Amino acid sequence: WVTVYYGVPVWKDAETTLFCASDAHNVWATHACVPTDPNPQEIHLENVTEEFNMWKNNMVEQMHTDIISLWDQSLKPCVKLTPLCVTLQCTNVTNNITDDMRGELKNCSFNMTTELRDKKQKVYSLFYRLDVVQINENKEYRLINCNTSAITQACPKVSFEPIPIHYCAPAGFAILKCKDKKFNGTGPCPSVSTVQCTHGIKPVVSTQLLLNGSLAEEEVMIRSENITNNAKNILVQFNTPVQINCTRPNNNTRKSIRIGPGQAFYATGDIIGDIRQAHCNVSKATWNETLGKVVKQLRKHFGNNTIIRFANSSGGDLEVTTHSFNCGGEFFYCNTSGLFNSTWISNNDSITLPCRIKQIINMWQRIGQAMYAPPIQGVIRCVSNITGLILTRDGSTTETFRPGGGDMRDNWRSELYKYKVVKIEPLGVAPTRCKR
Amino acid sequence: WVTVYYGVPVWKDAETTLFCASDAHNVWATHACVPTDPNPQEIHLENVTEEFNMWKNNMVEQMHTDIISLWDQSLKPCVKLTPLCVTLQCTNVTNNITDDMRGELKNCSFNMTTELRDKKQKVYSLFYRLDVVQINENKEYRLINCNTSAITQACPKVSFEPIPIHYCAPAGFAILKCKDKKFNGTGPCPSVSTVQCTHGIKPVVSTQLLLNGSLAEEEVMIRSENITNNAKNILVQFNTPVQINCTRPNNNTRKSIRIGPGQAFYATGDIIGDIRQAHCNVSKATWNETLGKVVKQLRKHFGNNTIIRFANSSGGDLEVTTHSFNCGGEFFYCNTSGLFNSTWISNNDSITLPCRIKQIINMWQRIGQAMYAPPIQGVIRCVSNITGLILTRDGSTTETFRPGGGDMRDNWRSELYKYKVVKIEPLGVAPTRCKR
Amino acid sequence: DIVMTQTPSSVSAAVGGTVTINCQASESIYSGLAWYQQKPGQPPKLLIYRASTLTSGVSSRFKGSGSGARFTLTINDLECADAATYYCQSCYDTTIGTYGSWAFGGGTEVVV
Amino acid sequence: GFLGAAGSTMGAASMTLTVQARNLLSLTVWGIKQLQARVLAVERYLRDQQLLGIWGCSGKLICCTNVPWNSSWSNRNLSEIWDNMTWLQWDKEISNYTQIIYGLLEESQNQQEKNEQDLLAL
Amino acid sequence: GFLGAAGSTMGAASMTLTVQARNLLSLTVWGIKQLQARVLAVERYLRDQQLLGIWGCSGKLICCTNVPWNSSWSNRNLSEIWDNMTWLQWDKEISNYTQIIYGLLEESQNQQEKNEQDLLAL
Amino acid sequence: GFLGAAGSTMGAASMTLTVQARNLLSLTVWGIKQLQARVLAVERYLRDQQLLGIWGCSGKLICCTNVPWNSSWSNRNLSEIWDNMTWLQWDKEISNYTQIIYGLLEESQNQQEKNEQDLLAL
Ligand SMILES: *[C@@H]1O[C@H](CO)[C@@H](O[C@@H]2O[C@H](CO)[C@@H](O[C@@H]3O[C@H](CO)[C@@H](O)[C@H](O[C@H]4O[C@H](CO)[C@@H](O)[C@H](O)[C@@H]4O)[C@@H]3O)[C@H](O)[C@H]2NC(C)=O)[C@H](O)[C@H]1NC(C)=O
Ligand SMILES: *[C@@H]1O[C@H](CO)[C@@H](O[C@@H]2O[C@H](CO)[C@@H](O[C@@H]3O[C@H](CO)[C@@H](O)[C@H](O[C@H]4O[C@H](CO)[C@@H](O)[C@H](O)[C@@H]4O)[C@@H]3O)[C@H](O)[C@H]2NC(C)=O)[C@H](O)[C@H]1NC(C)=O
Ligand SMILES: *[C@@H]1O[C@H](CO)[C@@H](O[C@@H]2O[C@H](CO)[C@@H](O)[C@H](O)[C@H]2NC(C)=O)[C@H](O)[C@H]1NC(C)=O
Ligand SMILES: *[C@@H]1O[C@H](CO)[C@@H](O[C@@H]2O[C@H](CO)[C@@H](O)[C@H](O)[C@H]2NC(C)=O)[C@H](O)[C@H]1NC(C)=O
Ligand SMILES: *[C@@H]1O[C@H](CO)[C@@H](O[C@@H]2O[C@H](CO)[C@@H](O)[C@H](O)[C@H]2NC(C)=O)[C@H](O)[C@H]1NC(C)=O
Ligand SMILES: *[C@@H]1O[C@H](CO)[C@@H](O[C@@H]2O[C@H](CO)[C@@H](O)[C@H](O)[C@H]2NC(C)=O)[C@H](O)[C@H]1NC(C)=O
Ligand SMILES: *[C@@H]1O[C@H](CO)[C@@H](O[C@@H]2O[C@H](CO)[C@@H](O)[C@H](O)[C@H]2NC(C)=O)[C@H](O)[C@H]1NC(C)=O
Ligand SMILES: *[C@@H]1O[C@H](CO)[C@@H](O[C@@H]2O[C@H](CO)[C@@H](O)[C@H](O)[C@H]2NC(C)=O)[C@H](O)[C@H]1NC(C)=O
Ligand SMILES: *[C@@H]1O[C@H](CO)[C@@H](O[C@@H]2O[C@H](CO)[C@@H](O)[C@H](O)[C@H]2NC(C)=O)[C@H](O)[C@H]1NC(C)=O
Ligand SMILES: *[C@@H]1O[C@H](CO)[C@@H](O)[C@H](O)[C@H]1NC(C)=O
Ligand SMILES: *[C@@H]1O[C@H](CO)[C@@H](O)[C@H](O)[C@H]1NC(C)=O
Ligand SMILES: *[C@@H]1O[C@H](CO)[C@@H](O)[C@H](O)[C@H]1NC(C)=O
Ligand SMILES: *[C@@H]1O[C@H](CO)[C@@H](O)[C@H](O)[C@H]1NC(C)=O
Ligand SMILES: *[C@@H]1O[C@H](CO)[C@@H](O)[C@H](O)[C@H]1NC(C)=O
Ligand SMILES: *[C@@H]1O[C@H](CO)[C@@H](O)[C@H](O)[C@H]1NC(C)=O
Ligand SMILES: *[C@@H]1O[C@H](CO)[C@@H](O)[C@H](O)[C@H]1NC(C)=O
Ligand SMILES: *[C@@H]1O[C@H](CO)[C@@H](O)[C@H](O)[C@H]1NC(C)=O
Ligand SMILES: *[C@@H]1O[C@H](CO)[C@@H](O)[C@H](O)[C@H]1NC(C)=O
Ligand SMILES: *[C@@H]1O[C@H](CO)[C@@H](O)[C@H](O)[C@H]1NC(C)=O
Ligand SMILES: *[C@@H]1O[C@H](CO)[C@@H](O)[C@H](O)[C@H]1NC(C)=O
Ligand SMILES: *[C@@H]1O[C@H](CO)[C@@H](O)[C@H](O)[C@H]1NC(C)=O
Ligand SMILES: *[C@@H]1O[C@H](CO)[C@@H](O)[C@H](O)[C@H]1NC(C)=O
Ligand SMILES: *[C@@H]1O[C@H](CO)[C@@H](O)[C@H](O)[C@H]1NC(C)=O
Ligand SMILES: *[C@@H]1O[C@H](CO)[C@@H](O)[C@H](O)[C@H]1NC(C)=O
Ligand SMILES: *[C@@H]1O[C@H](CO)[C@@H](O)[C@H](O)[C@H]1NC(C)=O
Ligand SMILES: *[C@@H]1O[C@H](CO)[C@@H](O)[C@H](O)[C@H]1NC(C)=O
Ligand SMILES: *[C@@H]1O[C@H](CO)[C@@H](O)[C@H](O)[C@H]1NC(C)=O
Ligand SMILES: *[C@@H]1O[C@H](CO)[C@@H](O)[C@H](O)[C@H]1NC(C)=O
Ligand SMILES: *[C@@H]1O[C@H](CO)[C@@H](O)[C@H](O)[C@H]1NC(C)=O
Ligand SMILES: *[C@@H]1O[C@H](CO)[C@@H](O)[C@H](O)[C@H]1NC(C)=O
Ligand SMILES: *[C@@H]1O[C@H](CO)[C@@H](O)[C@H](O)[C@H]1NC(C)=O
Ligand SMILES: *[C@@H]1O[C@H](CO)[C@@H](O)[C@H](O)[C@H]1NC(C)=O
Ligand SMILES: *[C@@H]1O[C@H](CO)[C@@H](O)[C@H](O)[C@H]1NC(C)=O
């Protein structure tokens, strides 16, 4: 009566270690990944439904951990800049500088160490206002992190380009994927297929806007753990890109300073041509249409005649109040208020966002490990696809939404929401009419 | 009809990871190897031929990588000498010094750090000319690597003796070996046998001459990737050793200087007795006979009446123009022109080679990691077996050959040329007359 | 360690016509075989080397072939040219990898 | 397709059992992680094979045993189980008897082997 | 000798099959390398055993199957293959049909096991 | 109990053989140590299974062979060995013949498989 069957096609929810694969000096060491399958297979499961939950998906946690650990390993061999924690004697840059950019750059000089222990050298360099603090309340200044953390120079040969990786299941596991074009992140998913590896995902880091991800295939999607709870984020995925063009219109020079045997510091040298403010342009008509689509869908949760208003972010550190990104190797902090300034009532041009630049970066919102971004010579221009927003509710007929930042995890759960990891359990039994 | 057989004696070329074994404070950590088999077996394969290629043998690559990595691990716990990058005030040693050695040693003094951060000490030591550069074009000098690399003192307790290791295949693999006494490195090898482990191979490092390897059993062998191509090396294996006796006839003292808590630097102290030039002696008659044998075999590739001439090396750094070796813990750079000075026409005494000594060593031709060799007290004498040469063609009836250096890989492919790694593939099928 | 077996030990003929001598190696010698003719009173003379090449001290009358471990010698016409004992010699010892280890089988007496 | 039979009924799915069986074996970040994953995959494989060995089903995808169905585990008809239900549904229906059945299978095999020795000793 | 049969003919070599079978299992430099090598050796062993399981040849060095020889794979005679050829030569002669034969063996075993269950259910 | 049969006689102990069989598989300090231990445990398991395969006892806890007892190994009576002695005592009594018996078992199995092929070819 009891018949034992091996190879039974059943599974259970499971948490395991995933490995990366890559389709082939990068900060994320993507060369360390397993080469991908040039033609991966996908199997449709007929008559199979499954329950998914993107808010409890541990694939997000592994991606978060791998990214931070790789980032830290990439700085391990790079030169430390601790000899720079000196008193800087410093004044402003006033040569051909545009107003409202005036006061942003400073010309500082100091006594730096050199190749021999017995010698000192006088050097000078330019710094951005956001990287220094005044101590002598020319005036004495110090680098902003000298009383809290060590500063490590990023290696100039290492790229920050967000080259995508694929996550792949180990033997004994499978990754289930949703195909439902309207899936909102939780509950039954009527159309499921299996893959061994995920689509390539770019480890892009941003705050208020998501700059280079996937677009919704059909309708604009609004996803949240609750919607109702004002303590939760709302992730909005666009079904069309919004093009954004960013620039740093200052032709800079770069020079190296030897600070000890085998070690050098890269300093901003001087500026060729006039000094101008960094900025980003967003097409105006596209932005307007894009919000109109978002509002029509937000209203489904708030009421047919509910008014929706957008407002800018709350006060706080640039890292949480501005739109930040790494592009061309520079770290931009842009003012987004020009994008969130409207009230939506029931029934060519551009928006220019001014930006600030910082060289001393606390990359993962951790304290004690500061990275110094060496300057880049020449002029930087970037073009990217805005694919979505992170919004919060500002919380009786009007709702107000504000952009905001969030955990790094929220920028990855937006791509991994369709995937689930299960383990295969091949043994099972059933009654039959046979006996040995 | 189809019968499946398991344990079928067939194999394919393969690349895997080999592990070391050793027959049992050493720089190569040979104690970390698997103890060897006191009586290893070898199986002759009757009626089996195989194709070998020593120029594409990946066993060479693993040996190269293991040696470099072990070398670096051995210096990990050793004291750094960065406090020595100071201005040295320095003069010549003129006390009882032999002419043509005069100017080689210098008496330098400097302000060194000490146990307490608040104190400095005046110390002096002797340096070889090749380890310093003049900066003030007594005169100011600096150590030669202070503008390019960190200097690490080798631990005085660590031995550089080239204790041999054996490479062994993992389960599922076998190492095939040639027995053909005239095998020239490529093509069919009529007599093959199997081993699990290789013979012991000494990790000896040298340039122009190979100082302690295997000898040819019968005839002198000339091996090359091409012979015809002037861009390729020719490896010549002797069938008899040539004895070479090297010495450093200077009785030196050694003293330690405390440079900080738990740290000390080893300095050359002073010289007891007269100061003399380091040198090596090669028996003259043996060298002459040995070249005559090499020439008779070289002519087989160049023509019956072709004249063969030997000449010394081209200009460049000592690391590539001289014969270098590590013996007794000292690093010698010897002038070999006395050995390559003849023209060979169709149809007791000694050769003395003067030598130079360096303490700051860029061991693997890498830049950024410099090793400092602490001095050795007393007098050093070494005796070794020259087993072969690395020659290149200086490229119409006369051929000229010059000794030269090469990759470290060429000193190991000369021992591993007889071995090949294959993997075993035990399943196969064949037609038979049976059916279940 | 290579053992050569030679057969027949005694071969004869009428005057005129051919006879053959066979030789079997215990292991392939990859054609490293030599044939020698030893008349009473002298050392053996080399006739054939590397299985089938003549030394030119011998005419086309002596021909042979083979490969691997098995070889034969054919004497095309016997005019009472000899009363030699013919020997099969291995010139390569595959167990050593050299040409410095030789082996001979017993010989064959040819009578005519 | 590896899980292609997931939507098939039990009597339809258990014909493609080798499809899943063939896919069970298949110091830096992304370095040490692979070594650890490989070891665990091997352990899982071996535990399942050991159980088939213990129950006397080694080398088979389908094996009959001599253990009776106790009814209370599932009182469904064979024509209902094999034709109108999938393996996922079945696995849920009797998930809590897994340990009962395995214990019964183990004892039966021990008794069988002892009896075979008594006959070979005759 | 582990590869001692390499120069033997197929019909001579396949008598010493256990010689090779017995030798398949046998953070510093030369530290981590051994751990990685051991794991891979285990995986190779298991993949070969799984195939013998799937084809119904588990536990045997020599097993007959019920799959016909298709001739086009090799049209040699049995007296030629078994007596005048070595396994290295044979492996080269039919190397490109390896995947064909394995697929045929797998399907045959699945059909056999299903039929045995139908008989035990009778 | 895992070693509960240690004090039992041989004829009593060899009824609970699955108890021990089921327990054979079960970069920081206490990190790397577990990974190394797991690999070695797997290797030990596989070596024992390979021997049972080679001797023709795969899948069994108890298997009869066709190898005779040579008497000189132990000249005790069956009623003495099975009823008045434990496995620990027995293991000591014949510990030095272990390699003899294993060699005999291996050759016997090779002869048996070759003969079975000759019959299936008939
Ligand atoms: C969103 O996606 C877009 C599109 O993929 C991406 O824009 C790309 O950014 C990279 C880096 O800023 C650009 O690549 C550079 O192009 C210039 C053109 O002359 C080259 O000179 C650069 O090479 C130098 O810098 C390299 C830095 O590692 C060095 O390695 C190299 O040796 C040179 O020094 C470099 O190729 C790329 O062209 C754009 N793509 C387009 C279409 O413009 C954008 O950055 C993404 N957004 C975000 C926020 O990540
Ligand atoms: C080619 O091979 C030859 C022969 O093997 C080899 O010569 C050997 O070199 C070593 C090292 O130079 C010699 O060993 C030394 O012998 C002296 C004799 O009194 C000892 O005092 C030495 O011991 C001191 O130094 C050790 C260094 O680690 C310390 O550990 C120890 O505590 C002592 O301080 C040491 O034993 C050896 O004697 C010679 N062999 C002969 C026969 O002379 C040669 O170097 C090789 N060539 C190359 C280039 O490698
Ligand atoms: C390191 O120095 C900075 C700069 O003085 C300190 O940050 C300031 O802390 C005061 C505390 O009330 C704030 O009002 C200032 O606005 C802060 N300055 C900036 C630039 O944010 C910082 O707290 C010091 N760190 C420690 C550990 O004392
Ligand atoms: C971001 O940009 C907006 C406008 O470009 C800045 O808004 C101004 O803020 C001052 C603060 O009191 C107001 O008085 C002005 O009326 C605001 N202008 C507008 C058009 O609203 C805003 O301050 C910028 N944010 C930051 C952090 O600099
Ligand atoms: C470090 O200092 C050395 C010594 O001055 C530099 O090497 C010299 O470079 C010049 C360049 O033309 C050569 O002509 C000299 O012959 C070199 N000297 C020696 C001793 O080789 C070296 O280049 C400096 N390193 C760096 C990175 O600048
Ligand atoms: C190696 O030794 C040889 C001779 O022992 C040196 O050769 C001398 O070089 C100078 C350079 O112009 C010549 O004028 C002499 O005539 C050479 N002597 C002989 C006998 O040829 C050679 O320079 C030494 N090499 C080095 C790098 O010092
Ligand atoms: C999904 O379910 C449908 C029916 O619910 C299955 O359809 C059967 O397909 C077979 C194929 O030959 C037909 O013979 C049956 O008659 C179909 N069912 C009905 C009710 O007509 C379909 O095969 C299922 N998918 C899978 C993977 O089994
Ligand atoms: C290598 O080849 C030779 C022949 O080519 C094999 O010799 C055979 O050895 C067996 C041993 O009993 C004899 O019965 C055969 O008659 C021999 N062959 C001939 C043509 O006489 C030798 O055994 C082969 N080596 C291996 C390992 O098989
Ligand atoms: C330990 O030894 C004692 C006797 O020396 C064993 O006792 C036997 O227990 C069985 C249980 O049914 C009885 O039938 C036997 O008659 C007992 N022996 C005697 C001499 O009466 C006891 O079982 C042993 N323990 C173990 C684990 O076997
Ligand atoms: C530098 O910036 C400070 C900021 O308030 C300003 O007061 C000062 O006048 C500036 N100096 C120059 C030279 O512009
Ligand atoms: C900084 O001061 C130095 C002093 O001479 C000057 O040469 C340099 O141009 C200044 N840099 C800027 C950007 O004002
Ligand atoms: C360097 O040190 C000297 C010492 O008196 C000081 O006067 C000078 O201002 C320092 N220079 C800088 C740029 O800090
Ligand atoms: C997602 O859709 C499901 C469909 O029933 C719904 O229950 C769930 O509440 C939706 N998610 C949110 C955040 O509303
Ligand atoms: C958040 O979701 C839970 C789900 O049950 C719900 O009970 C809770 O009320 C939600 N939060 C708010 C503020 O509604
Ligand atoms: C943004 O628009 C302004 C409008 O005049 C233009 O001058 C500027 O160059 C644009 N910026 C970019 C990045 O194109
Ligand atoms: C970005 O640059 C492209 C260049 O062709 C331009 O067409 C596009 O309109 C620009 N986007 C914005 C927002 O100005
Ligand atoms: C979009 O354009 C229409 C045109 O009249 C305008 O009324 C509306 O306010 C615009 N919306 C935004 C967000 O700019
Ligand atoms: C948002 O806009 C208001 C307008 O007055 C401004 O005061 C506030 O500081 C802005 N928020 C940020 C983060 O700039
Ligand atoms: C928001 O809209 C008001 C409408 O008059 C405008 O004055 C204000 O400048 C706008 N804010 C931004 C940041 O553009
Ligand atoms: C910056 O100025 C230098 C001066 O020659 C010029 O060569 C370079 O192209 C300029 N860079 C840009 C982006 O204009
Ligand atoms: C933006 O989206 C368009 C859609 O087709 C795509 O072609 C383009 O490459 C995207 N740009 C980026 C930076 O991904
Ligand atoms: C030291 O060596 C230099 C090298 O040219 C020489 O000129 C100088 O005279 C030497 N000094 C002594 C004291 O010998
Ligand atoms: C170096 O100079 C010191 C100074 O007194 C002297 O004592 C010592 O002997 C000198 N060393 C040599 C080798 O000349
Ligand atoms: C040590 O420092 C003092 C400071 O004046 C200097 O005079 C002396 O020459 C230095 N000594 C050496 C050996 O460098
Ligand atoms: C080695 O010997 C083989 C024998 O045929 C020959 O073909 C090959 O060219 C030789 N190697 C060189 C470098 O000549
Ligand atoms: C090097 O060897 C290759 C082998 O085919 C040959 O073609 C080439 O000509 C050789 N080089 C020279 C310079 O002959
Ligand atoms: C080399 O030969 C010379 C000849 O006089 C001798 O004095 C010297 O000691 C020898 N060197 C060695 C290392 O034996
Ligand atoms: C090396 O020293 C030994 C010591 O007996 C001597 O016999 C030999 O000739 C010397 N070799 C040379 C090249 O002088
Ligand atoms: C070897 O010795 C002979 C003796 O006459 C001499 O002619 C020949 O040139 C010598 N060769 C060398 C390389 O010294
Ligand atoms: C080789 O000998 C010649 C002889 O004049 C010499 O000039 C040349 O520098 C020597 N080569 C080396 C590396 O010493
Ligand atoms: C090379 O031979 C010539 C021949 O006269 C000789 O003068 C010269 O010194 C020799 N070179 C060396 C380095 O011994
Ligand atoms: C060096 O000199 C010291 C002085 O006593 C002596 O003891 C030692 O043996 C000498 N070393 C040699 C190799 O002669
Ligand atoms: C040199 O070769 C001879 C040859 O028998 C050997 O005995 C001696 O030990 C060898 N010397 C070295 C250093 O290997």
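Residues numbered from 1 in each chain as written, not as in the entry; some residues may be left out. Chains lettered and ligands numbered in written order. Part of a larger assembly, values for the part shown. Heavy atoms only, no water.

If you check the header, you'll see the entry was determined by cryo-EM and the resolution is listed as 3.38 Å.

The PDB entry lists chain C under the name monoclonal antibody 11B kappa chain, from Oryctolagus cuniculus.

Within the PDB entry, the label attached to chain A reads BG505 HIV-1 Env gp120, and the organism entered is Human immunodeficiency virus 1. Here is the UniProt Sequence similarities (unreviewed entry) comment for chain A, exactly as written: "Belongs to the HIV-1 env protein family." (UniProt positions renumbered as here; feature names shortened; annotations may be inferred.)

Caption draft 1: Up close: the sheet that holds strand β9 (residues 120–128) of chain A. Residues and elements named next belong to chain A. What the five strands build is an open sheet, ordered β9-β8-β7-β11-β10; its pairing is antiparallel. Among the strands making up the open sheet, the edge pair consists of β9 and β10 (132–134). Between one strand and the next, the sheet's axes are offset by a mean angle of 40°, whatever the strand orientation. Pairing analysis gives three bridges linking β10 to strand β11 (residues 139–143), with the strands arranged antiparallel. The residue of β11 that forms the bridge with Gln-134 is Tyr-141. (Pairing = 2+ DSSP bridges. Helix = DSSP H or I, 4+ residues; strand = E, 2+ residues; numbered from the N terminus. Axes fitted to C-alpha atoms, helices over the stretch in contact; angles between N-to-C directions.)

Caption draft 2: Spotlight on the pattern of salt bridges. On inspection of all chains with the given rule, the structure shows 58 salt bridges over all chains. A salt bridge links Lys-177 of chain B to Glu-42 of chain B, with the shortest nitrogen-to-oxygen separation between them at 2.9 Å. A relative accessible area of 15% places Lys-177 of chain B in the buried class. A salt bridge links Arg-38 of chain E to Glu-43 of chain F; its shortest N-O distance comes to 3.0 Å. Residue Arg-38 of chain E is found in helix α3 (residues 32–55), and its partner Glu-43 of chain F is found in helix α3 (residues 32–55); the two belong to separate chains. Under the relative-accessibility criterion, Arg-38 of chain E is labelled partly exposed at 30%. When salt bridges that share partners are traced, they join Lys-12, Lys-423 and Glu-425 of chain A together with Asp-91 of chain D into one network. (Salt bridge = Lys/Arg side-chain N within 4 Å of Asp/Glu carboxyl O. Buried < 20%, exposed > 50% of the residue type's maximum accessible area, 1.4 Å probe, protein only.)

Caption draft 3: Region of the structure containing the packing of α3 of chain F against helix α6 (residues 98–120) of chain F. Residue and element names in this part refer to chain F. Contact geometry of α3 with α6 gives a least axis separation of 7 Å together with a crossing angle of 50°. Taken together, the axes of α3 and α6 lie oblique to each other. Contacts between α3 and α6 involve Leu-51, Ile-54 and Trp-55 on the former and, on the latter, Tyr-102, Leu-105, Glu-106 and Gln-109. By residue class, the composition of the contact of α3 with α6 is five nonpolar, one polar and one charged. (Parallel < 35°, antiparallel > 145°, perpendicular 65-115°, else oblique. Contact = heavy atoms within 4.5 Å. Nonpolar A, V, L, I, M, F, W, Y, C, P; charged D, E, K, R; others polar.)

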